[PDB]
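The next block holds one structure in the form of structure tokens; read it before the comments.
Throughout, residue positions are numbered sequentially from 1 according to the sequence presented.
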Amino acid sequence: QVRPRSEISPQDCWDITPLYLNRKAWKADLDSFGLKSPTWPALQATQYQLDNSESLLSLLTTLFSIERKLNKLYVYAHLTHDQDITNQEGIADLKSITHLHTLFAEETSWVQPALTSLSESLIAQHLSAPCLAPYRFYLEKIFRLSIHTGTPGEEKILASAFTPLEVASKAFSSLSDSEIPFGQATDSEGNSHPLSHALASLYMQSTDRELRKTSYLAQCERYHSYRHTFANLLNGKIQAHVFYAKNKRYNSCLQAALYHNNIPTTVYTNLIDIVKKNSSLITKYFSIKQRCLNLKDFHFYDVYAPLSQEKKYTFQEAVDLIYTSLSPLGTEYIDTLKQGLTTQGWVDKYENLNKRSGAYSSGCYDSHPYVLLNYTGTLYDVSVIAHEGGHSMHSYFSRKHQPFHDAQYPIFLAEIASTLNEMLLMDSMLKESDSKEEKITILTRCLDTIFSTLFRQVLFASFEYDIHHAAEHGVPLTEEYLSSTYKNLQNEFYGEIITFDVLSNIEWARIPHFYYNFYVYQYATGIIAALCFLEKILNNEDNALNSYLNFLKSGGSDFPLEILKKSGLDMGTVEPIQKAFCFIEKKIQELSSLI
Ligand SMILES: [Zn+2]
Ligand SMILES: [Zn+2]
Ligand SMILES: [Zn+2]
Ligand SMILES: [Zn+2]
Ligand SMILES: [Zn+2]
Ligand SMILES: [Zn+2]
């Protein structure tokens with residue numbers, strides 16, 4: 001039975017009063033700003049002398065202070081809104097603070113480019129100044145951009161091209177998501193099931209091979225018939241990256257994308273090489289799936305078929321499960337999380353009328369973490385708690401140990417804590433399990449995840465690498481070319497096990513253009529790091545646990561690889577990925593001898 005927000009008992013809800021007692025105070029605070037003409041005159045360019053470290057310190061100090069208050073107000077409004085998304089005051093509050101953030105962003109827009117255009121000498125003076133010492137990394141991140149930032153007129157133009165260069169991605173979406181017509185799948189009976197992106201995903205996991213097959217094949221036909229247009233559009237995007245890269249003084253698009261986070265191209269490059277050389281792991285896992293499904297061959301549409309075939313958990317029970325499942329993370333981690341889920345008011349637990357869908361973690365420097373759930377009682381639910389509990393603890397630990405400007409870990413590291421928790425939970429549940437059907441269920445979910453988030457992403461990564469390369473050398477990305485490149489790749493990865501269908505190599509066409517600009521590899525590095533940390537912890541290797549914990553408390557205080565190095569993961573070497581592969585190998589063998 002469905003209830004409105006106002007009838008939900010507050011023990012089921014998060015407690016956001018530590019931010020603001022009530023909306024009146026929130027509103028009161030929002031007011032202090034006096035919306036205007038400039039709203040912060042203190043932040044006008046003219047008020048600062050950037051050749052003077054004491055002035056700059058004053059600038060940073062003042063903008064971090066404002067920003068901090070804005071975020072507090074934002075989080076409060078956004079969390080309130082998500083309790084009931086149709087509430088009119090909810091909506092208006094949020095729109096205010098949001099407007100305020102945009103003002104802030106406009107008023108302070110002069111800062112970044114004024115800094116990136118200081119001389120080298122001034123740069124070094126600031127990176128050396130002790131009153132700026134707490135803000136070194138922060139400034140380091142900004143000054144690093146000087147060597148790839150031209151005259152202000154040159155930059156005015158690049159910023160200008162952004163608009164027209166959206167076209168490739170936009171056209172792609174209208175075709176892919178809206179206008180190209182979908183076809184029909186068929187089951188064994190002969191019922192046709194019409195298709196959509198969401199249905200296609202559902203049918204991938206079907207139990208009826210004929211549905212999986214006609215669904216996959218119809219998806220290929222959909223794209224194949226607009227193959228020249230998708231090639232044009234993708235060529236366009238890639239040429240966009242080439243345009244931006246070569247005019248900002250980068251030697252390739254990869255370097256352009258990896259610079260922000262200071263990643264050596266070799267890390268990207270070796271990830272691809274090492275992963276390809278472990279293609280055999282794909283071969284191993286999929287044959288188990290093939291033998292277990294009694295199939296004479298194994299098609300891409302077989303990859304997500306289930307091998308086996310339902311309990312229900314109260315919230316309480318979910319917690320008890322998490323609590324024992326994550327115990328290798330230590331008494332202290334386990335209790336803090338338990339306290340957050342049960343007495344500290346971190347969690348909004350259950351569905352109510354018009355509550356935001358799905359799940360997340362949020363909060364800001366000043367709050368504890370806030371987890372929005374739509375708890376329904378399934379095993380999937382439990383793992384969502386484990387996932388969100390991961391982000392939450394990460395954030396909690398970072399806020400407790402970092403100053404405001406260093407506390408937010410970058411995106412490159414944001415999936416590690418959550419993924420490690422998911423994996424740990426499954427690991428512990430296997431150990432604890434007696435049912436063999438369950439064990440297969442768990443092992444299967446776990447390897448499907450590992451294989452789709454690690455191997456499949458690295459495939460995308462080399463593809464994205466080869467096509468930017470080709471473009472850089474002026475080679476034009478025709479459908480013929482794209483489709484060969486992708487075919488060879490499918491081959492390097494899946495050649496020893498997968499039987500190809502005639503259109504299988506059209507996949508590159510269905511992958512959305514926002515999966516471009518080299519971020520997809522980060523899914524893989526994230527899972528590699530999570531699996532590495534986890535493997536060390538399950539084997540009590542040196543003090544791996546202290547290390548993971550130290551990682552969580554590091555926030556964004558340094559470049560992501562450096563943060564990881566400090567924590568015993570040297571992505572500059574082969575060790576972390578070997579530790580990941582160890583974990584996977586072990587799981588493939590457990591599964592292999594359950595058959
Ligand atoms: Zn059906
Ligand atoms: Zn076949
Ligand atoms: Zn500490
Ligand atoms: Zn997540
Ligand atoms: Zn070359
Ligand atoms: Zn053609």
Side-chain angles (χ1 to χ4, degrees), residues 166-240 295 297-306 448 451-453 455-457 459-464 466-467 476-491 493-494 498-517 520:
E166 282 176 317
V167 69
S169 332
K170 275 179 166 182
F172 172 84
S173 303
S174 28
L175 287 163
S176 189
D177 301 338
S178 301
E179 306 199 301
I180 301 186
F182 286 94
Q184 257 150 150
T186 321
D187 65 13
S188 284
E189 308 312 65
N191 310 344
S192 54
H193 299 46
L195 288 158
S196 94
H197 285 138
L199 290 191
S201 310
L202 182 66
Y203 310 148
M204 300 190 315
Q205 260 148 2
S206 177
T207 232
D208 181 325
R209 203 191 181 188
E210 187 71 12
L211 199 55
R212 296 205 303 273
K213 180 195 153 162
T214 50
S215 180
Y216 172 83
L217 294 177
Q219 288 313 77
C220 290
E221 276 160 53
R222 193 163 92 111
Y223 287 84
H224 171 69
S225 50
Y226 288 91
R227 66 188 178 282
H228 306 98
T229 291
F230 283 120
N232 282 331
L233 288 172
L234 184 61
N235 188 72
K237 187 74 197 150
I238 304 313
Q239 277 306 315
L295 271 19
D297 60 358
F298 199 70
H299 282 261
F300 277 122
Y301 51 84
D302 287 309
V303 168
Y304 305 108
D448 289 345
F451 279 94
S452 77
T453 122
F455 287 84
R456 187 139 96 96
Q457 308 302 312
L459 197 172
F460 299 163
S462 29
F463 181 55
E464 177 173 24
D466 295 349
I467 71 180
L477 302 182
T478 64
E479 98 82 14
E480 206 229 289
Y481 184 81
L482 292 168
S483 275
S484 288
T485 300
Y486 197 89
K487 181 161 210 197
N488 303 327
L489 262 45
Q490 290 173 288
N491 232 290
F493 284 79
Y494 296 111
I498 294 284
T499 299
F500 296 170
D501 289 85
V502 298
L503 292 179
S504 288
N505 64 318
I506 202 44
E507 263 139 67
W508 62 263
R510 9 207 313 213
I511 302 166
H513 288 195
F514 67 77
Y515 291 111
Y516 297 73
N517 218 38
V520 155

Minimum side-chain heavy-atom gap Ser462-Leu489 below 4.5 Å: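 The answer is yes; the side chains approach within 4.5 Å.
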Is the closest side-chain heavy-atom distance between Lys237 and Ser169 below 4.5 Å? yes
Looking only at atom types and distance, does a side-chain atom of [X] sit under 3.5 Å from a main-chain N or O of [Y], one as donor and one as acceptor?
{"X": "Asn505", "Y": "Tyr486", "answer": "no"}
{"X": "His193", "Y": "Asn191", "answer": "yes"}
{"X": "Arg212", "Y": "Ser206", "answer": "yes"}
{"X": "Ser483", "Y": "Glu480", "answer": "no"}
{"X": "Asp208", "Y": "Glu210", "answer": "yes"}
{"X": "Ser215", "Y": "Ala185", "answer": "no"}
{"X": "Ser174", "Y": "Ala171", "answer": "yes"}

Which atom of [X] lies closest to which atom of [Y], heavy atoms considered:
{"X": "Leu482", "Y": "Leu477", "result": "CD1-O, 3.6 Å"}
{"X": "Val520", "Y": "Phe460", "result": "CG1-CB, 4.0 Å"}
{"X": "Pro476", "Y": "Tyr481", "result": "O-CB, 4.4 Å"}
{"X": "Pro194", "Y": "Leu199", "result": "O-CD1, 2.9 Å"}

Surrounding CD of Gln184 (heavy atoms of other residues, nucleotides or ligands, distance under 6.0 Å), is the total greater than 12?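 Above 12, so yes.
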Above 12 or not: heavy atoms from other molecules or residues under 6.0 Å from OH of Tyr226?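 For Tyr226, atom OH is not crowded (no more than 12 foreign heavy atoms under 6.0 Å).
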For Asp466, is there an ion pair with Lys487 - N to carboxylate O distance below 4.0 angstrom?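 So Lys487 does not pair with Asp466 through a salt bridge.
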If you apply the rule side-chain contact (heavy atoms from CB on, under 4.5 Å), what do you find for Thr214 with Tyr203, and how did you get there? CA-CA 9 Å; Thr214 50; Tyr203 310 148; over 6 Å; no
Out of curiosity, [X] [atom1] to [Y] [atom2], how far, rounded to the nearest 0.5 Å?
{"X": "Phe172", "Y": "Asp177", "atom1": "CZ", "atom2": "CG", "result": "6.5 Å"}
{"X": "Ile498", "Y": "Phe493", "atom1": "CD1", "atom2": "CZ", "result": "13.0 Å"}
{"X": "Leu234", "Y": "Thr478", "atom1": "CG", "atom2": "OG1", "result": "11.5 Å"}
{"X": "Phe230", "Y": "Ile511", "atom1": "CZ", "atom2": "CD1", "result": "11.5 Å"}
{"X": "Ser188", "Y": "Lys213", "atom1": "OG", "atom2": "NZ", "result": "10.5 Å"}
{"X": "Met204", "Y": "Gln219", "atom1": "CE", "atom2": "CD", "result": "10.5 Å"}

In terms of relative ring orientation, are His513 and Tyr516 parallel, tilted or perpendicular, with 30° and 60° separating the classes? perpendicular
For the pair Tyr216 and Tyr301, name the ring-plane relationship: parallel under 30°, tilted 30 to 60°, perpendicular over 60°. tilted
So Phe500 and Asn491, side-chain contact (heavy atoms from CB on, under 4.5 Å) or not? Walk me through it. CA-CA 9 Å; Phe500 296 170; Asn491 232 290; 3.2 Å; yes
Please evaluate residues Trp508 and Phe463 with respect to the criterion side-chain contact (heavy atoms from CB on, under 4.5 Å), reporting the C-alpha separation (whole Å), side-chain torsions for both, the decisive distance (0.1 Å), and the verdict. CA-CA 9 Å; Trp508 62 263; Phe463 181 55; 3.6 Å; yes
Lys/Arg cation over aromatic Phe182: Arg222, 6.0 Å, 45° cone: yes
Step by step, work out the side-chain contact (heavy atoms from CB on, under 4.5 Å) result for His299 and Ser504. CA-CA 10 Å; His299 282 261; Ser504 288; over 6 Å; no
